[PDB]
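# This one's experimental. Sequence and coordinates below.
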Amino acid sequence: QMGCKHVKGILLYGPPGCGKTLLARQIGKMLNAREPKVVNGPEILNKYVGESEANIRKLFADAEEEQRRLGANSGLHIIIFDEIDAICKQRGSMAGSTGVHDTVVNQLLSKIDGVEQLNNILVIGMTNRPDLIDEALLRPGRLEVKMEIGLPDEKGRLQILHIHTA
Amino acid sequence: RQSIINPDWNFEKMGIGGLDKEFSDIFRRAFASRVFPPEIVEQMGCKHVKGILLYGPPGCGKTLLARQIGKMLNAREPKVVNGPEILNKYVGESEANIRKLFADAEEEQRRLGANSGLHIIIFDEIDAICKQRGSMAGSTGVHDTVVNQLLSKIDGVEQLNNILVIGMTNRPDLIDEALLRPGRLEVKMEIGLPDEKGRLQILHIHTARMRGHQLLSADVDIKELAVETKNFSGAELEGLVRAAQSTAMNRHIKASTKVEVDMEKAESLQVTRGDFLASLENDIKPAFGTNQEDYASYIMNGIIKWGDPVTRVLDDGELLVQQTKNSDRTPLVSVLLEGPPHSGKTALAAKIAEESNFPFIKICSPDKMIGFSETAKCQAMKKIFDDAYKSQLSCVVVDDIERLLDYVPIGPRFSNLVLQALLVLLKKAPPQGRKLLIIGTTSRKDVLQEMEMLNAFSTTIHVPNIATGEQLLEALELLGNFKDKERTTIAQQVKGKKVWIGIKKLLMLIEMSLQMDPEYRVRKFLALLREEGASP
Amino acid sequence: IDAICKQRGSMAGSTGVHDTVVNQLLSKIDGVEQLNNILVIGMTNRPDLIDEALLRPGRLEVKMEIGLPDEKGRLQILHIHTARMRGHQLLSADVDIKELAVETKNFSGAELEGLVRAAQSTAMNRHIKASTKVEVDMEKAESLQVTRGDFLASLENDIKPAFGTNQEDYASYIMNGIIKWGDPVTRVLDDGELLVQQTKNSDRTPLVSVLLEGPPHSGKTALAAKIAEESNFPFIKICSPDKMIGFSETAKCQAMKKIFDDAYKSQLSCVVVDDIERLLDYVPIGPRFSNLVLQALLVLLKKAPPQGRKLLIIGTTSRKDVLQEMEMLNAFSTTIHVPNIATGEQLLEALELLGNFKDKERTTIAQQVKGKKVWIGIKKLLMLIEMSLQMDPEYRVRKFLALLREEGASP
Ligand SMILES: Nc1ncnc2c1ncn2[C@@H]1O[C@H](COP(=O)(O)OP(=O)(O)OP(=O)(O)O)[C@@H](O)[C@H]1O
Ligand SMILES: Nc1ncnc2c1ncn2[C@@H]1O[C@H](COP(=O)(O)OP(=O)(O)OP(=O)(O)O)[C@@H](O)[C@H]1O
Ligand SMILES: Nc1ncnc2c1ncn2[C@@H]1O[C@H](COP(=O)(O)OP(=O)(O)OP(=O)(O)O)[C@@H](O)[C@H]1O
Ligand SMILES: Nc1ncnc2c1ncn2[C@@H]1O[C@H](COP(=O)(O)OP(=O)(O)OP(=O)(O)O)[C@@H](O)[C@H]1O
């Protein structure tokens, strides 16, 4: 009765060792949905023409099929991008990785939000260099919830020490 | 005989606001000849348009328009191409993909002739497969063959009259120049930020359903929200509404052990104006608007009136703002604020810009260009100035010019490229109908005069130091640190002398003096003040 | 034809398919076996890239270049693309085709056809009235007629040439028009007319140059633009420093070379080079500048176009002595001086033609100025007037006079 869509992405950034991968792992296994998909850094690149984009497109197929078949009764699908700064970077700045990186960025942008509408996905990204990411991927309707994980204070250190000596 | 438009199509049903003129132009130029009676159009002996291009900044509603156009026509199911979806690794397999899209249109044209329907094709992110021919030395050779095939298929020896192509891009300057001629993609449109009368429409469109079911409180006024949200794109208004709804819905869910919904209270769910205010404070931050963070960072300790000169500077600033906003014989005006070091001339420029009340305000500072070469500095300046030509009223502040040119008295040495760019950028007028104000600050007027740079600026304003004992006493009183017993002792010594000190240094002197013992502070303050010297 | 046929030394990330195709075409067109009943037609946009072995006589002999038409060709195309309308009495009688042919300069056939199509659509759209439901009238639909206003509106809004328009350029270079505040303006325009005539008529000196010099804020760019506009040549272009922000030496040289190469293609052309001291980066300290651009200018100022073609060049600057020290003042044929305002009568006439400080205020100003000499440029006078107008009605003449005094003088 409100006509509102669901948020479609999260981004986490901060210095090393402060608990970004742990939080994503724990969120992945808190939900009733099926197993999540994990991309371990730049593991989609391929030497042949038009193969990286196919690897990108292959991540969303199940979501599209379930959305078409069921509609508003579908489940939830999760994708996790680890070290996302190694793939998505500002378009038209670098040498384009020989025209490869621009195509990958365009494909990802087209798949996340395009003419065909999805409502059953959640994308999580984690990075150490937040300033190198494309500006068109961090807008509302896309990865729009940005969070910073920093050093803890005395209470946080006490909580961690209680956690690790139980 | 069947009408091309759907029987039940209605403009208000599309759900688009703030783009009335764009849709009117598109409809007139694309669909005017497909609705007129066939015999007269045949007598005119004219052909149909077969192309549309949409460009603009992100989030302003390009894909939405294409989708609504696709669903407005009683035709087939439009084909959709998502980015570089056609490439293939086998030789000659990425061109068959291009050829395959027109195979139905060609067949129907051959069979039914002039009584065929309409076939739509949508290219999303077209600049991924249609860059100029020759650039981008991909050594595969698959990036020119595709462009040639597309060009030869859109308009070639064999003629088609039952197609329509829609393209959408963010970088219109990279498309091939042969694809945009009046025979291939004739209609070109720019989708930009809306104004108040468009923001109101967007907010109404996105709040109609909530209003229908009495889920919106009675103390929320849409007009005030439209006035308050300046230079917001279409996406950000929807994001704001979403954040407000989430804040409203989160009050009935307690989650310390196991997600548990109140359920009872959920009956009386209402969205209040406090949620909207909280969402504007924390969640949504625009890109072409103004942010309180910059003003808070550049005016740290506020502005105190320790004398008359402050008021003079502010009044002159106001006069220049008014001239910029209400004149057509001079669309571009610039001023230079100058004075001795530590006199506080950055905060004053920031205050003037803040009080101007223009929609777009930006500050170009060297704090964000550490280690840059002069080429990168020119690129950053050019980008900041280009972003300001897409607004009806703009203000730009250039801070610490001598740090921008990399100046050092020895030699002397500086950067010529940045100087020339800045000299050429102070006289380029904006597109007709737009206004721009520039405020530059510096502390070395003689150097700028020697560089023939005072002919570019229109006027100069002077920011002075504290020059009398009464002014120093008034500043101390307004700051409120030394009490009457100590203020009398200070006045005994300073009243019979002239002083020469800046506010930014007076604050430092006061905090240095405040660290000694309670009965030793006045002596140290006087010693520091005397040692500072005057040397006017 | 350039998609498949290209030089054999090419893409090295190749599987060997783009060379065997060229060899098979060469061997099939003209090989050991002989044919006498074939004809091959090829179309291309990049003739240079094609293989040289395919262009020798006996394989591809007749090479033809299709270019932009002239006024007569434009008239022919406009007549071809309106015959059907004219035959059925669908075209109004106030439409003058010759005026269109004159106005549409640098257009090609496709752009002219698009102009006609847009004009037709603007007329068809006056009957289709639909804000919430499509519905054609069909009552007035039998009285459809395309008028002159439709053509004018479509020319202003929709269709734009791809070879430069100069409408917006002339809009932005001459922003406040030209006002005859004195005698010097007429002299400058007369000298420009004489130079244009000499370029047009004389055949023994195909190349002519001139330099417009004067103190800053005198209005030297507007006068040059006006002279170029009144020249009425087929080709006119302005080379400005404000379209090369951030460029290096090589990029600037390339841009000027491209502009001059385009100029050499036509039959008689005019070119404007404004702000020479900003084109080559001059700064008094040092001094510093770019030698590459200076050498390019000195070389291009004396190069004659191919026989039977004529070129005029107009350069503007505000520092004559600097150009003299580089020995550039000797590369120009002659010079023209653009002076400032020097007398009270000229200032009063300028105020009269500008339309400000009417009646008694003018009398007060005249009383205060006539007993002195003045030294002010035209461009700064507008700034002073707009600055003075922001005061209250009782403090407008006083502020204007104070600013004028503070301006100073230095003949
Ligand atoms: N907030 C925390 N509470 C408890 N343990 C933590 C916390 N943050 C980090 N750790 C510990 O740190 C380990 C590794 O940290 P983690 O991999 O989450 O960091 P990271 O930010 O991904 O590091 P990197 O930037 O190198 O990828 C975890 O397995 C956990 O033991
Ligand atoms: N004029 C508008 N009226 C109503 N909603 C709008 C408008 N413009 C944008 N929106 C909202 O923005 C959402 C996303 O915008 P959209 O995808 O159309 O932008 P875009 O221009 O394609 O952006 P991108 O540059 O990323 O492609 C739409 O679903 C809609 O909710
Ligand atoms: N009346 C006032 N006018 C200006 N600044 C004031 C006033 N009252 C307090 N201040 C504070 O004084 C400080 C002035 O420092 P600011 O950086 O603006 O000076 P500056 O001359 O630009 O410095 P520098 O010459 O070292 O670059 C700021 O913290 C400002 O908030
Ligand atoms: N009689 C006139 N002659 C020339 N320009 C005039 C005249 N009357 C009004 N103008 C206007 O005055 C302006 C002249 O400024 P212009 O930019 O041509 O000067 P400039 O000498 O190039 O200045 P700068 O030294 O800054 O380069 C134009 O807007 C022009 O339309």
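Right, received. Where do you want to start? Residues are numbered from 1 along each chain as shown, chains lettered A, B, ... in the order given. Ligands and ions are numbered 1, 2, ... in the order given.
# Correct me if wrong: residue A:121 contacts residue A:75.
No: contact criterion C-beta atoms under 8 Å: residue A:121 and residue A:75 do not qualify, at 10.5 Å. In this view, the C-beta of every residue, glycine as well, is placed from N, C-alpha and C.
# the more surrounded of these two?
residue A:121 (20 against 13; other C-beta atoms under 10 Å in any protein chain shown).
# residue contacts, that one?
A:8, A:60, A:63, A:76, A:77, A:78, A:79 (C-beta atoms under 8 Å, 6 or more residues apart in numbering or on different chains).
# Tell me, how many residues neighbour residue A:141?
Counted with other C-beta under 10 Å, residue A:141 comes out at 19.
# what's the burial count for the residue in chain A that ligand 3 sits nearest to?
Here the residue of chain A nearest ligand 3 is residue A:131; by C-beta to the nearest ligand atom that distance is 25.7 Å. The local packing of residue A:131 (other C-beta under 10 Å) involves 8 other residues.
# Same question for residue A:77.
22.
# what does residue A:16 give?
6.
# Check the gap between it and residue A:83 for me.
12 Å (C-beta to C-beta, to the nearest Å).
# Distance of residue A:123 relative to residue C:270?
59 Å.
# so where does residue A:79 fall, helix or strand?
strand A:77-82 (DSSP states H and E).
# partners of that strand, with directions?
Paired strands of strand A:77-82, with direction, are strand A:37-40 (parallel), strand A:121-127 (parallel) (DSSP bridges).
# The next helix or strand after the last one: which residues count as buried?
Right, strand A:121-127. Downstream of strand A:121-127, the next assigned helix or strand under DSSP H and E is strand A:145-148. The neighbour-count check on strand A:145-148 (16 or more other C-beta atoms under 10 Å in any protein chain shown) flags nothing as buried.
# Extract the C-alpha set from strand A:145-148 and format it as PDB.
The C-alpha trace of strand A:145-148 is given here as PDB (Å, rounded to 0.1, in the frame of the first residue of the first chain):
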ATOM      1  CA  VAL A 145      24.200   2.800   1.600                       C
ATOM      2  CA  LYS A 146      27.800   3.700   2.300                       C
ATOM      3  CA  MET A 147      29.400   2.800   5.600                       C
ATOM      4  CA  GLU A 148      32.800   3.300   7.200                       C
END
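# going on from it, what's the next piece of helix or strand?
Toward the C-terminus, strand A:145-148 is succeeded by helix A:154-164 as the next helix or strand (DSSP H and E).
# Pull the distance from that next one to the chain's centre.
29 Å (C-alpha atoms, centre = their mean, to the nearest Å).
# just stretch A:31-38 next, same as before
Distance of stretch A:31-38 from the chain centroid (C-alpha atoms, centre = their mean) equals 13 Å.
# Residues of chain A that sit close to chain B?
A:1-5, A:7, A:48-51, A:53, A:57, A:91-92, A:96, A:98-99, A:102-103, A:106-107, A:109-111, A:113-116, A:135-136, A:139-141, A:144 (C-beta under 8 Å from any C-beta of the partner chain).
# Which of these fall within helices?
Within the residues of chain A next to chain B, residues falling in helices by DSSP state H are A:53, A:57, A:96, A:98, A:99, A:102, A:103, A:106, A:107, A:109, A:110, A:111.
# Which members of those residues are classed as buried?
Of these, these count as buried by 16+ other C-beta under 10 Å: A:53, A:57, A:96, A:99, A:102, A:103, A:106, A:107, A:109, A:110, A:111.
# TSV please, covering these and showing distance to ligand 2.
Formatted as TSV, those follow (distance: C-beta to the nearest ligand atom, whole Å):
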residue	distance to ligand 2
A:53	18
A:57	18
A:96	19
A:99	21
A:102	15
A:103	16
A:106	11
A:107	13
A:109	7
A:110	9
A:111	12
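# Now residue A:122: closest residue in space that isn't a chain neighbour?
Nearest residue to residue A:122 in three dimensions, chain neighbours excluded: residue A:78, at 5.0 Å (C-beta to C-beta, 6 or more residues apart in numbering or on different chains).
# Burial check on the one you found, number of neighbours?
With other C-beta under 10 Å as criterion, residue A:78 counts 19.
# And for residue A:154?
There are 7 residues near residue A:154, going by other C-beta under 10 Å.
# Kindly report the same for residue A:122.
Neighbours around residue A:122, by other C-beta under 10 Å: 19.
# I'd say it and residue A:77 touch.
Yes: using C-beta under 8 Å, residue A:122 is in contact with residue A:77, at 7.2 Å.
# ok, the residue in chain A that ligand 1 sits nearest to - contacts?
Nearest residue of chain A to ligand 1: residue A:19, at 2.6 Å (C-beta to the nearest ligand atom). Residues near residue A:19 by C-beta under 8 Å, 6+ apart: residue A:149.
# which residues touch residue A:163?
By C-beta under 8 Å, 6+ apart, residue A:163 has no neighbours at all.
# typo on my end, it should be residue A:113
Contacts of residue A:113 by C-beta under 8 Å, 6+ apart are A:8, A:141, A:142, B:63.
# which of the residues you listed lies closest to chain C?
Nearest to chain C among the contacts of residue A:113 is residue B:63, at 24.1 Å by C-beta to the nearest C-beta.
# Who's the closest spatial neighbour of residue A:127, skipping the chain neighbours?
Per C-beta to C-beta, 6+ apart, closest to residue A:127 is residue A:85, 4.4 Å.
# now residue A:14
residue A:149 (3.7 Å).
# In chain A, what residue comes closest to ligand 4?
Closest point on chain A to ligand 4, by C-beta to the nearest ligand atom, is residue A:92, at 33.8 Å.
# Any idea how many residues pack against the closest residue to residue A:83 other than its chain neighbours?
Leaving out its chain neighbours, the residue that sits closest to residue A:83 by C-beta to C-beta, 6+ apart is residue A:41, at 4.6 Å. Neighbours of residue A:41 under the rule other C-beta under 10 Å: 13.
# and residue A:41, what is it in contact with?
Here residue A:41 is in contact with A:82, A:83, A:86 (C-beta under 8 Å, 6+ apart).
# how about 10 Å then?
A:81, A:82, A:83, A:84, A:85, A:86, A:87 (C-beta atoms under 10 Å, 6 or more residues apart in numbering or on different chains).
# so the first one bridges to which residues?
For residue A:81, the residues forming beta bridges with it (DSSP bridges) are residue A:39, residue A:125.
# wouldn't it be in contact with residue A:123 here?
Yes: counting by C-beta atoms under 10 Å, residue A:123 is a contact partner of residue A:81 at 6.9 Å.
# Those two: who's more crowded?
Taking neighbours as other C-beta under 10 Å, residue A:81 and residue A:123 compare with residue A:81 leading, 25 against 22.
# any idea how far ligand 2 is from the residue lying closest to residue A:6 once chain neighbours are set aside?
Take residue A:6 and drop its neighbours on the chain: the residue closest to it by C-beta to C-beta, 6+ apart is residue A:119, 6.2 Å away. Separation of residue A:119 from ligand 2 (C-beta to the nearest ligand atom, to the nearest Å) stands at 12 Å.
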